[PDB]
Amino acid sequence: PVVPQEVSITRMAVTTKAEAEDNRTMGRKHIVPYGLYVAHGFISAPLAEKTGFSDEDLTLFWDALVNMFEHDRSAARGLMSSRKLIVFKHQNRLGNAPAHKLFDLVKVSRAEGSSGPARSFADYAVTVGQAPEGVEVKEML
RNA sequence: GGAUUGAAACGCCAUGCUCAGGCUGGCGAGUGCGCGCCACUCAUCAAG
């Protein structure tokens, strides 16, 4: 669970002449002190065959995922980054094991020496179990 | 391999809590109160 913090901020300039008539406005800004998010995804090769999604497209997709947040900087988003990317590659065109059982292999738990609310990625320990025989595990990050 | 009222779908761009203000002015621990009254080191033991 995350506990967003509300930050009150002020601005020197007023926007309208009406409110000018002592001249400052107070706004607020919502931030998550820290949070680690898990995103699942699926790529269907049979659908790709119907639209030409090729291997160069897949490599570009992995590149986007690992570099997704590098160009999305803004005043509101703070610092976001991709920490880890596990890819399960199936031998067969359609799958070889149930997806939900593969997602279970990625265990995310808190480091041993860390207590209290998490404030950095170092407070978490992430491990990947052994995948079934028909699936290959790749760690792009 | 035609159709999961489906297929596609950012809440998003940005914004000083600031400018400043002695905890101060001053107030005896002080007046006083015997360690003191007594009590043998002593009764013996060649020098070789």
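In what follows, chains are A, B, ... by sequence order, proteins preceding strands, each numbered from 1. Every heavy atom of this structure was used, including side-chain atoms; hydrogens, water molecules and symmetry mates were not.
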- Query: Contact class for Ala13(A) (heavy atom, under 4.0 Å): base, sugar-phosphate, or nothing?
  - Reply: nothing
To the nearest angstrom, the CE-P distance between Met80(A) and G11(B) comes to 12 Å
Residues 113-141 of chain A vs salt bridge (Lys or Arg N to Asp or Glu O under 4.0 Å), sequence neighbours excluded, gives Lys84(A)-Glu139(A)
Torsion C1'-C2'-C3'-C4' of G36(B) sorts its sugar, positive to north and negative to south, as north
Whole-angstrom distance between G2(B) and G6(B), as gauged at atom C1': 12 Å
Syn within 90° of 0, anti beyond: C37(B) is syn
Checklist entry - Just checking, are the bases of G26(B) and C27(B) stacked by our 5.5 Å, 30° definition for the six-membered rings? => result yes
Residue set satisfying side chain to side chain donor-acceptor pair (under 3.5 Å) with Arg11(A), at least two apart, ordered chain then number -> none
Whole-Å P distance, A7(B) and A3(B) | 13 Å
- prompt: What is the nucleic acid contact for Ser74(A), judged by heavy atoms within less than 4.0 Å: base, sugar-phosphate only, or nothing?
  reply: sugar-phosphate
Across all chains, not counting sequence neighbours, the side chain to side chain donor-acceptor pair (under 3.5 Å) partners of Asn23(A) are none
Reading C1'-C2'-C3'-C4' for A9(B) with positive as north and negative as south, the pucker comes back south
To the nearest angstrom, the NE2-P distance between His30(A) and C13(B) comes to 14 Å
Quick note, side-chain hydrogen bond (donor to acceptor under 3.5 Å, both in side chains) partners involving residues 33-54 of chain A, not counting sequence neighbours, are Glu49(A)-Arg93(A), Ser54(A)-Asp57(A)
Between NZ of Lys29(A) and P of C12(B) the distance, given in whole Å, is 13 Å
To the nearest angstrom, the CE-P distance between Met68(A) and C10(B) comes to 14 Å
The side-chain contact (heavy atoms from CB on, under 4.5 Å) partners of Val7(A) (sequence neighbours excluded) come to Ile9(A), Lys29(A), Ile31(A)
For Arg110(A), the salt bridge (charged side-chain N to carboxylate O under 4.0 Å, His left out) test, sequence neighbours excluded, returns none
Judged by whether its glycosidic angle lies within 90° of 0, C13(B) is anti
Quiz item: If you count the non-hydrogen atoms of other residues, nucleotides and ligands that lie under 6.0 Å from CD in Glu70(A), is the total more than 12?
Solution: yes
Here the ring-ring contact (aromatic ring centres under 6.0 Å, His included) pairs for residues 61-83 of chain A, sequence neighbours left out, are none
In RNA chain B, stems of three or more consecutive pairs, Watson-Crick or G-U, each with both distances under 3.5 Å, turn out to be none
Sorted by chain and residue number, the side-chain contact (heavy atoms from CB on, under 4.5 Å) partners of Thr59(A) (sequence neighbours excluded) come out as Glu56(A)
Regarding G6(B), purine or pyrimidine glycosidic angle vs 90° from 0 gives anti
For the neighbouring pair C45(B) and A46(B), do the six-membered rings of their bases satisfy both conditions, a centre distance under 5.5 Å and a plane angle under 30°? no
For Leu141(A), is there any backbone N or O sitting under 3.5 Å from a side-chain donor or acceptor partner on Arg83(A)? no
A student applying the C1'-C2'-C3'-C4' rule, positive for north and negative for south, should call the sugar of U15(B) north
chi for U18(B) classified (syn = within 90 degrees of 0, anti otherwise) as anti
- Query: If we check the six-membered rings of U24(B) and its strand neighbour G25(B), are the centres under 5.5 Å apart with planes under 30°?
  - Reply: yes
Contacts under 3.5 Å, N or O only, protein and nucleotides 2-9 of chain B:
none

Contacts of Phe42(A) meeting ring pair (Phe, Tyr, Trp, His ring centres under 6.0 Å) (sequence neighbours excluded), chain-then-number -> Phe103(A)
In terms of heavy-atom contacts, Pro4(A) and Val2(A) come closest through CD-O, 3.7 Å
Might you list the N or O atoms of the protein lying below 3.5 Å from N or O atoms in nucleotides 17-21 of chain B, with each pair's distance?
from, atom 1, to, atom 2, distance (Å)
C17(B), OP2, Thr10(A), N, 2.9
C17(B), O5', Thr10(A), OG1, 3.4
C17(B), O2, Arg24(A), NH1, 3.0
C17(B), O2, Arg24(A), NH2, 2.6

Just wondering, do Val87(A) and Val137(A) contact through their side chains at under 4.5 Å, heavy atoms?
-> no
Glycosidic torsion of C42(B) (syn if within 90° of 0, anti otherwise) classifies it as syn
